[PDB]
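As stored in final.tsv (TSV, C-alpha atoms):
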chain	number	residue	atom	x	y	z
A	144	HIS	CA	104.35	-32.92	115.55
A	145	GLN	CA	106.87	-35.24	113.90
A	146	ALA	CA	107.25	-38.92	114.62
A	147	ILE	CA	110.62	-39.55	116.31
A	148	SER	CA	113.08	-39.85	113.33
A	149	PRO	CA	114.20	-43.30	112.06
A	150	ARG	CA	117.82	-42.10	112.53
A	151	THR	CA	117.03	-41.44	116.20
A	152	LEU	CA	115.35	-44.83	116.42
A	153	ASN	CA	118.28	-46.70	114.78
A	154	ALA	CA	120.83	-44.95	117.02
A	155	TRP	CA	118.84	-46.10	120.05
A	156	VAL	CA	118.92	-49.63	118.59
A	157	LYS	CA	122.68	-49.70	118.18
A	158	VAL	CA	123.14	-48.17	121.64
A	159	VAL	CA	121.18	-51.00	123.31
A	160	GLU	CA	122.60	-53.70	121.00
A	161	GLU	CA	126.09	-52.63	121.97
A	162	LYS	CA	125.96	-51.43	125.65
A	163	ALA	CA	123.09	-53.65	126.90
A	164	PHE	CA	122.50	-51.80	130.17
A	165	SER	CA	125.77	-50.06	130.96
A	166	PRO	CA	125.22	-46.76	132.76
A	167	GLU	CA	126.00	-44.95	129.42
A	168	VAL	CA	122.68	-46.11	127.98
A	169	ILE	CA	120.99	-43.51	130.18
A	170	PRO	CA	122.50	-40.23	128.80
A	171	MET	CA	122.12	-41.70	125.30
A	172	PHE	CA	118.43	-42.35	125.87
A	173	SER	CA	117.94	-38.86	127.23
A	174	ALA	CA	119.70	-37.21	124.21
A	175	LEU	CA	117.81	-39.35	121.68
A	176	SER	CA	114.35	-38.84	123.24
A	177	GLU	CA	114.32	-34.99	123.29
A	178	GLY	CA	110.79	-33.59	122.94
A	179	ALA	CA	109.30	-37.07	122.41
A	180	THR	CA	105.56	-37.87	122.95
A	181	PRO	CA	104.67	-40.96	125.07
A	182	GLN	CA	103.87	-42.80	121.85
A	183	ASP	CA	107.39	-42.03	120.47
A	184	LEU	CA	108.95	-43.24	123.75
A	185	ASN	CA	107.06	-46.47	123.52
A	186	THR	CA	108.20	-46.91	119.90
A	187	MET	CA	111.69	-46.55	121.17
A	188	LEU	CA	111.31	-49.07	123.99
A	189	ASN	CA	109.52	-51.51	121.71
A	190	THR	CA	112.23	-51.58	119.12
A	191	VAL	CA	114.49	-52.99	121.78
A	192	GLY	CA	115.23	-56.64	120.90
A	193	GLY	CA	114.95	-59.20	123.64
A	194	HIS	CA	115.97	-58.30	127.18
A	195	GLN	CA	112.72	-59.49	128.48
A	196	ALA	CA	113.67	-59.41	132.21
A	197	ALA	CA	114.99	-55.84	131.88
A	198	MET	CA	111.85	-54.80	130.00
A	199	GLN	CA	109.75	-56.37	132.78
A	200	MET	CA	111.56	-54.38	135.43
A	201	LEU	CA	111.08	-51.21	133.42
A	202	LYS	CA	107.32	-51.85	133.08
A	203	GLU	CA	107.03	-52.47	136.87
A	204	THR	CA	108.80	-49.10	137.50
A	205	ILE	CA	106.54	-47.33	135.07
A	206	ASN	CA	103.49	-48.88	136.74
A	207	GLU	CA	104.66	-47.73	140.21
A	208	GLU	CA	105.25	-44.15	139.01
A	209	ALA	CA	101.87	-44.17	137.28
A	210	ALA	CA	100.09	-45.34	140.50
A	211	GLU	CA	101.97	-42.66	142.47
A	212	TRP	CA	100.87	-40.06	139.93
A	213	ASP	CA	97.24	-41.34	140.32
A	214	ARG	CA	97.49	-41.17	144.12
A	215	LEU	CA	98.38	-37.43	143.88
A	216	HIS	CA	95.95	-36.54	141.04
A	217	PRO	CA	92.43	-37.70	141.77
A	218	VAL	CA	89.81	-37.63	138.89
A	219	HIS	CA	86.81	-35.33	138.18
A	228	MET	CA	89.99	-32.39	127.90
A	229	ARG	CA	90.30	-34.84	130.77
A	230	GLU	CA	93.40	-34.55	132.94
A	231	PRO	CA	95.81	-37.43	132.27
A	232	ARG	CA	96.01	-40.53	134.51
A	233	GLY	CA	99.24	-42.37	134.97
A	234	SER	CA	98.44	-44.78	132.14
A	235	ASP	CA	97.72	-41.81	129.87
A	236	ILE	CA	101.21	-40.40	130.55
A	237	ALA	CA	102.70	-43.86	129.84
A	238	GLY	CA	100.79	-43.75	126.50
A	239	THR	CA	98.87	-47.04	127.11
A	240	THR	CA	95.37	-45.48	127.52
A	241	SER	CA	95.87	-42.16	125.64
A	242	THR	CA	95.87	-41.29	121.95
A	243	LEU	CA	98.62	-39.41	120.17
A	244	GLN	CA	96.24	-36.44	119.69
A	245	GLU	CA	95.45	-36.44	123.42
A	246	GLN	CA	99.25	-36.45	124.22
A	247	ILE	CA	99.83	-33.55	121.82
A	248	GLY	CA	96.76	-31.90	123.38
A	249	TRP	CA	98.25	-31.98	126.89
A	250	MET	CA	101.77	-30.96	125.73
A	251	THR	CA	100.48	-27.91	123.79
A	252	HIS	CA	97.84	-26.82	126.30
A	253	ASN	CA	97.94	-23.61	128.43
A	254	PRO	CA	99.00	-24.40	130.83
A	255	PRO	CA	100.77	-27.49	129.29
A	256	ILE	CA	101.04	-30.89	130.99
A	257	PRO	CA	104.36	-32.20	129.59
A	258	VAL	CA	103.34	-35.83	129.45
A	259	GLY	CA	106.37	-36.76	127.26
A	260	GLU	CA	108.82	-35.26	129.76
A	261	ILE	CA	107.04	-36.95	132.69
A	262	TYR	CA	107.08	-40.39	131.02
A	263	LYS	CA	110.75	-39.93	129.98
A	264	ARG	CA	111.62	-39.32	133.62
A	265	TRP	CA	109.72	-42.50	134.67
A	266	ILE	CA	111.64	-44.42	132.03
A	267	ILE	CA	114.95	-43.02	133.25
A	268	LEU	CA	114.01	-44.11	136.80
A	269	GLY	CA	113.42	-47.65	135.37
A	270	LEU	CA	116.69	-47.60	133.34
A	271	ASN	CA	118.65	-46.63	136.54
A	272	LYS	CA	117.10	-49.64	138.25
A	273	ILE	CA	118.00	-51.95	135.31
A	274	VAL	CA	121.55	-50.61	135.45
A	275	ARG	CA	121.63	-51.59	139.15
A	276	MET	CA	120.50	-55.05	137.76
A	277	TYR	CA	123.24	-55.58	135.21
A	278	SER	CA	125.80	-54.67	137.86
Show how you would write the structure in this file as structure tokens.
Amino acid sequence: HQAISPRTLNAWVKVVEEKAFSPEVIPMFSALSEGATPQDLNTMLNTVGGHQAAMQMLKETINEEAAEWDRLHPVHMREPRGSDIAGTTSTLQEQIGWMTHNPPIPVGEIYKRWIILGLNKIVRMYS
């Protein structure tokens, strides 16, 4: 494990500062978030200044994908719930645990895809 680099973080900041939610924000996010844990991805989203309406639409998308995940993965290391993949009810160690398991559950890659789904919807919003 390494925390997402500050360089990575600062690039993401200048990307969003400068492009708001132009469609180019999406390939930049994907390049800058390679191999990220859910916690790292939240650090990235939380460094975003302002844009509270955009951030609200993103959270609603995340919450829908999490509920859909929960609908297809009933309960019974625990298996992650949707909120665990989104990093809001899971610890960093738990995220690393899933990602390095055999077989692995790539919670970072799943959450990144949910975020990209949200960013596509925001892009439809600034357009």
I'd like the contact shell of residue A:213 - 10 Å cut-off, all atoms listed in the file, skipping same-chain residues fewer than 3 positions apart - returned as a VMD selection string. chain A and resid 207 to 210 216 to 218 231 to 234
Calculate how many Å separate atom CA of residue A:271 from atom CA of residue A:249, rounding to one decimal.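 For atom CA of residue A:271 relative to atom CA of residue A:249, the distance reads 26.9 Å.
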Please, what distance in Å, to one decimal, runs between atom CA of residue A:239 and atom CA of residue A:155?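 Pair atom CA of residue A:239 / atom CA of residue A:155 returns 21.2 Å.
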Give me the residues within 10 Å of residue A:238 as a VMD selection string, counting all atoms listed in the file and dropping any in the same chain fewer than 3 places off. chain A and resid 180 to 185 231 to 235 241 to 243 245 to 246 258 to 259 262
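Closest approach to residue A:275 from the set A:200, A:144, A:162, A:189 is made by A:200, with distances taken over all atoms listed in the file.
Using only C-alpha atoms, the residues found no farther than 12 Å from residue A:170, other than those of its own chain fewer than 6 positions away, are residues 155, 158, 164, 176, 177, 263, 264, 267, 270 and 271 of chain A.
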Exercise: residue A:277 partners within 9 Å, all atoms listed in the file, chain neighbours under 4 positions left out, as a list in words: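 Contacts, in chain order: residues 163, 164, 165, 197 and 273 of chain A.
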So which residues fall inside 10 Å of (118.4, -46.7, 120.6) if we count only C-alpha atoms? Mind giving them as a PyMOL selection string? chain A and resi 150-161+168+171-172+175-176+187-188+190-191
Draw an axis-aligned box tight on the listed atoms of stretch 163-170 of chain A, then pad every side by 8 Å and write out centre and edge lengths in Å to one decimal as AutoDock Vina command-line options.
--center_x 123.5 --center_y -46.9 --center_z 129.8 --size_x 21.0 --size_y 29.4 --size_z 21.9
Could you tell me which of A:247, A:268, A:199, A:174 comes closest to residue A:145 if we count all atoms listed in the file?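 Nearest candidate to residue A:145 out of A:247, A:268, A:199, A:174: A:247.
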Between atom CA of residue A:269 and atom CA of residue A:204, what is the distance, to one decimal in Å?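 The value is 5.3 Å.
Proximity ranking of A:178, A:166, A:248, A:149 relative to residue A:261 places A:178 first, based on only C-alpha atoms.
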